[PDB]
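Listed next as structure tokens is one chain, alone, in the form deposited in one PDB entry.
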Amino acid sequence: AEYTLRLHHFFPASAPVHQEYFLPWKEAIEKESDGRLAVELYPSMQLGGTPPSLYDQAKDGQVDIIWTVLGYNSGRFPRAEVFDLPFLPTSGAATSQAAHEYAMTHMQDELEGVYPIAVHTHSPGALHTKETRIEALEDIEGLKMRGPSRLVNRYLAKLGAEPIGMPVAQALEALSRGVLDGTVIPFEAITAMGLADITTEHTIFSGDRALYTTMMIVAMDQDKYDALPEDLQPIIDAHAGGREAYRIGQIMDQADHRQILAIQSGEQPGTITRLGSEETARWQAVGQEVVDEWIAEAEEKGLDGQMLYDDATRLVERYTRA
């Protein structure tokens, strides 16, 4: 063992991405380097600091690898915010593929200082509340709701909710404390994060697109990568890129399915409310306003909003059809 790679994230060890991606990734790097690389996993922010501080922990070499949400740093990753727009995503797997290709095309300057192992998204975002069953747009009116990013929080406000921004690792405390009525998140880690018995009302939508997702990165310090010897850099490259994005997305999709099945079957308490095509169209109409406003503001910013939105949408459809 010549080099140690400390990987730091904010999820519990029992989270599916830890059990089914990071542990086998560790196994692969340690086997394929013939023990010359060790990977050490640190869940639950166990090397210190705040979820939003994680990106800089890697970029600045306090740790070697982080897993984080780009939207936790408001304004930092403007081109990545395209993947926060309403009804843009499909599956974790397909949208993660689209995110990685999109980021390799458009986000080279945005990600300078990290080697991206995977640029991906989570599985379909859904609405979770403590008490209020969301059966219509009217039911979310005045609910204190948490989203991952300023653009998802903007959609929540437009839908008539009162968004309160914070990292998801802060939601359990805030719900129990009465700050939040609910949160948007995928189902995949809802059991590992212990939210399932607190937010027991869940709402999902009709049709071939999800309410929202958000862009996530497995990012290694560009200095740690660059400092590896020429025969070990390729062990990382062989366990990096679009195929890793797909793999993370697919693990989330699979964990979502197990979790949704467990609620539908009565094995775990809670209700899944499926909004039909007519009700869903009302949410998509609000969503269209967010898309239009974001493209407009991107133009005054000096970003080509329409071009990034068209390439993101094109890539989602391509990887969904495939």
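Start at 1 and count along the sequence shown; that's the residue number. Each form is matched to the other, and the largest set of C-alpha atoms that superpose within 1.5 Å is called the rigid core.
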{"item": "Greater mean Cα temperature factor according to the PDB record, 17-25 or 297-305", "value": "297-305"}
{"item": "Greater mean Cα temperature factor according to the PDB record, 60-68 or 275-283", "value": "60-68"}
{"item": "Most elevated Cα B-factor in the entry, residues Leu211, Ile248, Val82, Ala103", "value": "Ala103"}
{"item": "Given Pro163, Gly142, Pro186, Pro78, the residue at which the Cα B factor reaches its maximum", "value": "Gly142"}
{"item": "Within-chain third of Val290 by Cα B-factor, per the entry", "value": "highest"}
{"item": "Record-listed C-alpha B factor of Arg150: chain third", "value": "lowest"}
{"item": "Chain third (lowest, middle, highest) by recorded CA B-factor, residue given as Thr129", "value": "lowest"}
{"item": "Chain thirds of CA B-factor: placement of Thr203", "value": "lowest"}
{"item": "Assigned third (lowest, middle, highest) for the C-alpha B factor of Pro269", "value": "highest"}
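This next part talks about the form deposited in another entry, which is not shown.
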query	finding
Position that moves between the shown form and the other one after core superposition, taken from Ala93, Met107, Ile236, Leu151, with Cα shift of 2 Å or more	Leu151
Post core alignment: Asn73 C-alpha displaced by 2 Å or more between the shown form and the other one	no
Rigid core superposition, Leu275 Cα moves 2 angstroms or more between the shown form and the other one	yes
CA of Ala169, rigid core aligned, shift of 2 Å or more between the shown form and the other one	yes
